[PDB]
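Asker: This structure is in structure tokens; I'll ask about it shortly.
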Amino acid sequence: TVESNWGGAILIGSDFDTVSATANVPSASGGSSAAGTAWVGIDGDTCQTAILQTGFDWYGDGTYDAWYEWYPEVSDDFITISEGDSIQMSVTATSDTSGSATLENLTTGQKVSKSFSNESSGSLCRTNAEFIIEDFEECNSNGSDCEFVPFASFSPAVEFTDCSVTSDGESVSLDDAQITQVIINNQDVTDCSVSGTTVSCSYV
Amino acid sequence: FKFXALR
């Protein structure tokens, strides 16, 4: 029973412009069907109408993938990812219906980005900025059956370094971010903490 | 499909 599916730091505010950080790719275990994801994004907490996010997943069989998403509208897999790579992730919201997502593997020199525009079926409020480790869901075709994927164990800790959030061009500190942890079977399965411009999340 | 989802 997954009681909390997000672990990480969430800032609440207004006019969030860009959210970016560099995260390391961990090794994962627990089975080919166990997984986890690390991503940076805008909205999706107190703003339930949309979320601009980009990041990567790890599966217990040692495989990975990268993606971007403007929920609920455009969602898709982006670059090659290997254990130990350093991935710079970033989203920018130029308006409630326009922005971009960029994922750069600083280790391989590969980079992908997607520009979004005229996003109708779901606009941003630009009131939440976040750095998250998540136990995501797997749904069938018609949303009639959605379930959380078994959460993979990972090592070392996934650290979002050089975190940067801006609101109206002004940079915002992580000082007052709310902290959440992934919780399964009434047990914390992450220990995410903030320190300076770093959000560090250890698997528990 | 993968529902990477609201908090």
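Naming works like this for the structure tokens: A, B, ... for the chains as they're shown, residue 1 at the start of each chain, ligands 1 onward in shown order.
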I need the contact residues of chain A against chain B, so if you could list those with any atom within 6 Å, counting only C-alpha atoms, and return them as a ChimeraX atom specification, that would help.

Answerer: /A:44-45,136-139

Asker: Can you tell me, as a VMD selection string, what residues are no more than 10 Å from residue 79 in chain A when counting only C-alpha atoms, ignoring any on the same chain fewer than 4 positions away?

Answerer: chain A and resid 65 to 67 103 to 105 108 to 112

Asker: Just to confirm, what's the straight-line distance from CA of residue 168 in chain A to CA of residue 130 in chain A in Å (one decimal)?

Answerer: 16.6 Å

Asker: I'd like the neighbourhood of residue 172 in chain A as a PyMOL selection string, where a residue qualifies if any of its atoms comes within 10 Å (using only C-alpha atoms), though same-chain residues fewer than 5 positions away should be ignored.

Answerer: chain A and resi 11+13+16+19+129+163-167

Asker: Skip residue 38 in chain A itself and residues of its chain fewer than 3 positions away, then list as a compact mmCIF listing (two decimals) with N, CA and C atoms, in the first residue's frame all residues within 7 Å of it, counting only C-alpha atoms.

Answerer:
```txt
# COMPACT_ATOMS: atom_id res chain seq x y z
N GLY A 55 12.43 14.31 -16.52
CA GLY A 55 13.35 13.56 -15.69
C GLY A 55 13.67 12.21 -16.28
N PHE A 56 14.11 11.27 -15.46
CA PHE A 56 14.46 9.91 -15.95
C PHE A 56 14.00 8.85 -14.97
N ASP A 57 13.83 7.62 -15.47
CA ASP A 57 13.42 6.46 -14.65
C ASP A 57 14.55 5.42 -14.57
N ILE A 132 11.66 16.04 -7.24
CA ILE A 132 11.00 14.86 -6.71
C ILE A 132 11.53 13.47 -7.12
N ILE A 133 11.42 12.53 -6.19
CA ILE A 133 11.69 11.13 -6.41
C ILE A 133 10.31 10.53 -6.29
N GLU A 134 9.88 9.79 -7.31
CA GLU A 134 8.51 9.27 -7.25
C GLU A 134 8.33 7.79 -7.51
```

Asker: Which range 79-116 of chain A residues have any atom within 8 Å of an atom of range 121-124 of chain A, and for each, what is the nearest pair of atoms with distance in Å to one decimal, counting only C-alpha atoms, rows sorted by chain and number, as JSON lines?

Answerer:
```
{"residue": "A:95", "atom": "CA", "partner": "A:124", "partner_atom": "CA", "distance": 7.8}
{"residue": "A:96", "atom": "CA", "partner": "A:124", "partner_atom": "CA", "distance": 4.5}
{"residue": "A:97", "atom": "CA", "partner": "A:123", "partner_atom": "CA", "distance": 5.2}
```

Asker: What's the 6 Å shell around residue 43 in chain A, counting only C-alpha atoms, without same-chain residues fewer than 6 positions away, as a ChimeraX atom specification?

Answerer: /A:51,126,128

Asker: Hey, can you check how far CA of residue 198 in chain A sits from CA of residue 160 in chain A?

Answerer: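 Distance reported for this atom pair: 5.6 Å.
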
Asker: Can you list every residue in range 68-104 of chain A that DSSP puts in strand (DSSP E or B), as a PyMOL selection string?

Answerer: chain A and resi 68-71+75-77+86-95+98-104
